[PDB]
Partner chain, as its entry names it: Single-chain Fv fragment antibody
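Only one chain is included here, represented as C-alpha cells and corresponding to the form deposited without its partner chain.
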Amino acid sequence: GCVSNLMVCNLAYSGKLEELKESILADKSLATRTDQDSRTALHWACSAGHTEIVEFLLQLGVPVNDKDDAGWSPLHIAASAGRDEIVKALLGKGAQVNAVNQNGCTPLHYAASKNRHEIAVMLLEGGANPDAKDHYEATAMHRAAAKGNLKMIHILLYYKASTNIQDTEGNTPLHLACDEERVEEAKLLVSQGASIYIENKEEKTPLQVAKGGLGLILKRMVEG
C-alpha cells in the first residue's frame, strides 16, 4: 500500500531493503527526509517490523528520537507493534525510553497495554520510569492490573513500580483489579503493598469496589 508521499518511506514500509539502500546511499539526505505525517523511513520500518532496514538506518547514524505528527517516536512505534529486535536496536542507539506522545504515553505504557513482556523488560533494563503517568495519571501497572496480566505485574514489581498511584478517577491498580474481578492479581498486589485504604473519587476503597468476597479476603491479608 502507498502509506507515504515519500518514495523512501514506502520502500521502508514494504521491506524493499536493496531499493532503499540504493536510494539512500545515492542520496544520504533521503534517510531523514520527512513525509506527510512527519515520518522518516525509520518510523515506517519500525511500524512494519523490518529489522534489517532499521539496522541499516541506525548504522548510517540517523536520529532515533524524532517524533511524527502524533508525537510517536520510533521506540513508541516499535513497542506498540511488538518489534522485539527493533526495540533492542533502538535502545542500543540511546532511544529516549521516557519519551511521551500526544496521549502522554511512554513506550512502556504500550508494552503494558499489549502484554509485551520482553519489550517491557528491555525498556525497564533501559531506564524506563515504571511510574510514568499518562494524561489520565495512569501507569503501566493500572493496565496490567485491569487486564489481569500476572506476568506483567511480576515484571513491573521487579523493576520497582509503585502499586498505589491514583489515576484521575482516584483509582489505584488495585481498584481496577478488584473492579475487573482479577482475584489472583488483586491478592498479589496486596501481598506486595497495594493499599486497601485509598479512596477513589466515588469515595470507595478497593475493598468496596471488590465483588463477592474478594474485599474480605484482601482485608484479612492486611488486618488478620
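Residue numbers count along the first chain shown, from 1. Between two forms, the rigid core is the largest collection of C-alphas that superpose within 1.5 Å.
As for the form solved in complex with its partner chain, it is not shown, yet the points below apply to it.
In summary, among the residues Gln36, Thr168, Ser191, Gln59, the only one with a non-hydrogen atom within 4.5 Å of its partner chain in the deposited complex is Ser191. Comment: its partner chain is not present in this chain, but in the deposited complex one of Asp69, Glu184, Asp27, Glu52 has a heavy atom within 4.5 Å of it, namely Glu184. For the chain shown alone, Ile198 is not a contact residue for its partner chain in the deposited complex, no non-hydrogen atom being within 4.5 angstroms. For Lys88, a non-hydrogen atom is located within 4.5 Å of its partner chain in the deposited complex, even though that partner is not displayed. Contact check for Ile155: a heavy atom falls within 4.5 Å of its partner chain in the deposited complex. Residue contact with its partner chain in the deposited complex: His135 places no heavy atom within 4.5 Å of it. Remark: of stretches 157 to 165, 27 to 35, 43 to 51, 170 to 178, the one touching its partner chain in the deposited complex is 157 to 165 (heavy atom within 4.5 Å).
For the partner-free chain shown, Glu118, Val121, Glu125 of 102 to 128 come within 4.5 angstroms of its partner chain in the deposited complex, judged by any non-hydrogen atom. After superposition on the rigid core, the C-alpha displacement between the shown form and the other one reaches 2 Å or more for just one residue among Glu169, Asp27, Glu52, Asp69, namely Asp27. The Cα shift for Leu214 between the shown form and the other one, taken after rigid core superposition, is 2 angstroms or larger.
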